[PDB]
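Okay, query.cif is below, mmCIF, C-alpha atoms and all ligand atoms:
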data_data
#
loop_
_atom_site.label_atom_id
_atom_site.label_comp_id
_atom_site.auth_asym_id
_atom_site.auth_seq_id
_atom_site.Cartn_x
_atom_site.Cartn_y
_atom_site.Cartn_z
CA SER E 1 -7.90 47.92 -76.76
CA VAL E 2 -8.31 46.07 -73.47
CA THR E 3 -7.43 47.67 -70.13
CA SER E 4 -6.04 44.72 -68.20
CA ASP E 5 -6.96 44.28 -64.56
CA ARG E 6 -3.41 43.55 -63.46
CA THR E 7 -3.76 40.84 -60.82
CA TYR E 8 -2.13 37.39 -60.88
CA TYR E 9 -2.22 34.86 -58.06
CA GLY E 10 -0.15 32.40 -56.09
CA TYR E 11 -1.32 29.93 -53.50
CA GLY E 12 -0.30 27.22 -51.07
CA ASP E 13 -1.68 24.95 -48.39
CA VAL E 14 -0.65 23.96 -44.87
CA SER E 15 -1.52 20.54 -43.41
CA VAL E 16 -1.79 20.28 -39.62
CA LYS E 17 -2.84 16.69 -39.09
CA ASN E 18 -1.75 15.18 -35.79
CA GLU E 19 -1.62 16.25 -32.18
CA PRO E 20 1.91 16.79 -30.85
CA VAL E 21 2.07 13.80 -28.50
CA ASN E 22 0.72 10.32 -27.76
CA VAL E 23 0.57 9.47 -24.06
CA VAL E 24 0.60 5.68 -24.25
CA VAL E 25 -0.57 4.36 -20.88
CA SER E 26 0.34 0.95 -19.50
CA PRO E 27 -1.41 0.99 -16.12
CA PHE E 28 -0.07 -0.48 -12.91
CA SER E 29 -1.65 -3.14 -10.69
CA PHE E 30 0.51 -2.39 -7.75
CA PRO E 31 -0.11 -5.27 -5.32
CA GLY E 32 1.52 -6.95 -8.26
CA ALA E 33 2.11 -10.63 -8.72
CA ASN E 34 3.98 -12.86 -6.29
CA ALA E 35 3.69 -10.01 -3.79
CA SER E 36 1.29 -8.93 -1.09
CA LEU E 37 -0.15 -5.70 0.25
CA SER E 38 -1.55 -5.91 3.77
CA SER E 39 -3.64 -3.53 5.83
CA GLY E 40 -1.59 -0.92 7.62
CA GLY E 41 1.47 -1.94 5.63
CA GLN E 42 4.19 0.42 4.46
CA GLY E 43 6.48 0.16 1.48
CA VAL E 44 7.37 1.05 -2.11
CA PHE E 45 6.05 0.08 -5.54
CA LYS E 46 7.92 0.59 -8.78
CA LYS E 47 6.86 0.46 -12.42
CA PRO E 48 9.62 1.36 -14.89
CA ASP E 49 7.44 1.84 -17.98
CA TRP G 1 0.03 -21.02 22.16
CA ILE G 2 -0.35 -17.99 19.87
CA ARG G 3 1.31 -18.36 16.49
CA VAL G 4 1.58 -15.06 14.65
CA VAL G 5 1.63 -15.62 10.89
CA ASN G 6 2.43 -12.60 8.73
CA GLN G 7 2.12 -11.98 5.02
CA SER G 8 5.11 -11.58 2.75
CA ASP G 9 5.26 -7.80 3.16
CA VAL G 10 4.60 -7.11 6.86
CA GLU G 11 7.79 -6.60 8.87
CA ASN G 12 6.92 -4.62 12.02
CA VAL G 13 3.98 -5.55 14.27
CA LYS G 14 2.82 -4.07 17.58
CA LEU G 15 0.36 -6.31 19.43
CA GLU G 16 -1.60 -5.22 22.48
CA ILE G 17 -2.53 -8.27 24.55
CA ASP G 18 -5.26 -7.62 27.10
CA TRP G 19 -6.85 -9.80 29.78
CA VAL G 20 -10.57 -9.03 30.03
CA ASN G 21 -11.93 -11.59 32.52
CA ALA G 22 -9.17 -10.99 35.07
CA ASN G 23 -11.62 -9.48 37.54
CA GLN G 24 -13.51 -12.78 37.53
CA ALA G 25 -10.39 -14.91 37.99
CA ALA G 26 -9.47 -12.67 40.92
CA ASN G 27 -12.20 -14.54 42.83
CA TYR G 28 -10.47 -17.86 42.04
CA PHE G 29 -6.71 -17.19 42.01
CA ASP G 30 -4.52 -15.45 44.55
CA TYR G 31 -1.62 -14.72 42.22
CA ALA G 32 -1.39 -15.59 38.53
CA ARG G 33 1.47 -14.39 36.34
CA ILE G 34 1.43 -15.02 32.59
CA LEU G 35 4.74 -14.66 30.74
CA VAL G 36 4.32 -14.56 26.97
CA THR G 37 7.40 -16.50 25.88
CA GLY G 38 8.15 -14.47 22.80
CA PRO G 39 9.77 -15.18 19.47
CA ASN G 40 13.10 -16.96 20.07
CA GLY G 41 13.67 -16.98 23.82
CA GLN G 42 12.82 -13.36 24.56
CA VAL G 43 9.95 -12.77 26.97
CA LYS G 44 8.17 -9.63 25.82
CA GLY G 45 4.96 -9.81 27.82
CA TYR G 46 3.81 -10.13 31.41
CA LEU G 47 0.18 -10.07 32.53
CA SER G 48 -1.27 -10.41 36.00
CA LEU G 49 -4.54 -9.85 37.81
CA CA E 101 -2.82 11.30 -32.08
CA CA E 102 5.94 -3.40 4.38
#
Now, as a test, write the supplied structure out as structure tokens.
Ligand SMILES: [Ca+2]
Ligand SMILES: [Ca+2]
Amino acid sequence: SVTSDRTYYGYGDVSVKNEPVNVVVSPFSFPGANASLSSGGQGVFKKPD
Amino acid sequence: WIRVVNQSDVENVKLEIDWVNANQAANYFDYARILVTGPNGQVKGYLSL
């Protein structure tokens, strides 16, 4: 007696939470400790991490 | 007479020594020859009137 509207459903959800990367900074204080940078000087400074 | 003290980084230094009142001492001296007895026996400088 009923004319069914033939439509059933399925569903799902997608969760995009974080950003791809975290650029953790540990800044450099390049004259350093137990060192010295003078005017006109020339050299190299290294920070591994 | 002139002690040059460097900091822990400086390695190469070029000094220009200049005699400014030489034109006044020309009225007092007839010949005056200054030899800057350098670091460890070398004589790297010679000034005159
Ligand atoms: Ca993040
Ligand atoms: Ca240097």
**Message:** Show me, as a list in words, every residue of chain E with an atom at most 8 Å from chain G, counting only C-alpha atoms.
**Reply:** residues 35, 36, 37, 38, 41 and 42 of chain E
**Request:** Just give me the gap between CA of residue 31 (chain G) and CA of residue 46 (chain G) in Å, one decimal is fine.
**Result:**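 Taking CA of residue 31 (chain G) and CA of residue 46 (chain G), their separation equals 12.9 Å.
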**Asked** In Å, how far is it from atom CA of ligand CA 101 (chain E) to CA of residue 26 (chain E)?
**Response**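 Computing the Euclidean distance for atom CA of ligand CA 101 (chain E) and CA of residue 26 (chain E) yields 16.6 Å.
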**Asked** If you measure from CA of residue 47 (chain G) to CA of residue 34 (chain G), what distance in Å do you get, rounded to one decimal?
**Response**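 These two atoms are separated by 5.1 Å.
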**Request:** Throw together the list of residues within 7 Å of ligand CA 101 (chain E), counting only C-alpha atoms and all ligand atoms, and drop it here as a ChimeraX atom specification.
**Result:** /E:18-19,21-22
Generate the output file for the selected residues, C-alpha atoms, as a JSON list (two decimals), in the coordinates of the input.
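Writing done, so here's part-v7.json:
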[["chain", "number", "residue", "atom", "x", "y", "z"],
["E", 18, "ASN", "CA", -1.75, 15.18, -35.79],
["E", 19, "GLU", "CA", -1.62, 16.25, -32.18],
["E", 21, "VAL", "CA", 2.07, 13.80, -28.50],
["E", 22, "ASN", "CA", 0.72, 10.32, -27.76]]
Taking 3 positions as the minimum chain separation for residues in the same chain, which residues sit within 12 Å of residue 46 (chain E) when counting only C-alpha atoms? Answer as a PDB file with C-alpha atoms, in the frame of the given file.
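Saved the output as selection.pdb:
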ATOM      1  CA  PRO E  27      -1.410   0.990 -16.120  1.00  0.00           C
ATOM      2  CA  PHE E  28      -0.070  -0.480 -12.910  1.00  0.00           C
ATOM      3  CA  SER E  29      -1.650  -3.140 -10.690  1.00  0.00           C
ATOM      4  CA  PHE E  30       0.510  -2.390  -7.750  1.00  0.00           C
ATOM      5  CA  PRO E  31      -0.110  -5.270  -5.320  1.00  0.00           C
ATOM      6  CA  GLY E  32       1.520  -6.950  -8.260  1.00  0.00           C
ATOM      7  CA  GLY E  43       6.480   0.160   1.480  1.00  0.00           C
ATOM      8  CA  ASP E  49       7.440   1.840 -17.980  1.00  0.00           C
TER       9      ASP E  49
END
**Request:** Please provide the set of residues having any atom within 10 Å of residue 35 (chain G), restricted to only C-alpha atoms, with same-chain residues fewer than 3 positions apart removed, written as JSON, numbers by chain.
**Result:** {"G": [32, 38, 43, 44, 45, 46, 47, 48]}
Missing atoms in region 8-19 of chain E: can you complete it with N, CA and C atoms, as a CSV table (one decimal), in the coordinates of the input?
chain,number,residue,atom,x,y,z
E,8,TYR,N,-2.4,38.8,-60.8
E,8,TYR,CA,-2.1,37.4,-60.9
E,8,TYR,C,-2.0,36.8,-59.5
E,9,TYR,N,-2.1,35.5,-59.4
E,9,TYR,CA,-2.2,34.9,-58.1
E,9,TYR,C,-1.2,33.8,-57.8
E,10,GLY,N,-0.9,33.6,-56.5
E,10,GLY,CA,-0.2,32.4,-56.1
E,10,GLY,C,-0.8,31.9,-54.8
E,11,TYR,N,-0.6,30.6,-54.6
E,11,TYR,CA,-1.3,29.9,-53.5
E,11,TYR,C,-0.5,28.8,-52.9
E,12,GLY,N,-0.9,28.4,-51.7
E,12,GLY,CA,-0.3,27.2,-51.1
E,12,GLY,C,-1.2,26.7,-49.9
E,13,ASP,N,-0.9,25.6,-49.4
E,13,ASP,CA,-1.7,25.0,-48.4
E,13,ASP,C,-0.8,24.4,-47.3
E,14,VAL,N,-1.3,24.4,-46.1
E,14,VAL,CA,-0.6,24.0,-44.9
E,14,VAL,C,-1.5,22.9,-44.2
E,15,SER,N,-0.8,21.7,-43.9
E,15,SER,CA,-1.5,20.5,-43.4
E,15,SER,C,-1.1,20.3,-42.0
E,16,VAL,N,-2.0,20.6,-41.0
E,16,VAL,CA,-1.8,20.3,-39.6
E,16,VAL,C,-2.6,19.1,-39.3
E,17,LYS,N,-2.0,17.9,-39.3
E,17,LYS,CA,-2.8,16.7,-39.1
E,17,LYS,C,-2.9,16.2,-37.6
E,18,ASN,N,-1.8,15.9,-37.1
E,18,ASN,CA,-1.8,15.2,-35.8
E,18,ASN,C,-1.7,16.1,-34.6
E,19,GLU,N,-1.9,15.6,-33.4
E,19,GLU,CA,-1.6,16.2,-32.2
E,19,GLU,C,-0.2,16.0,-31.8
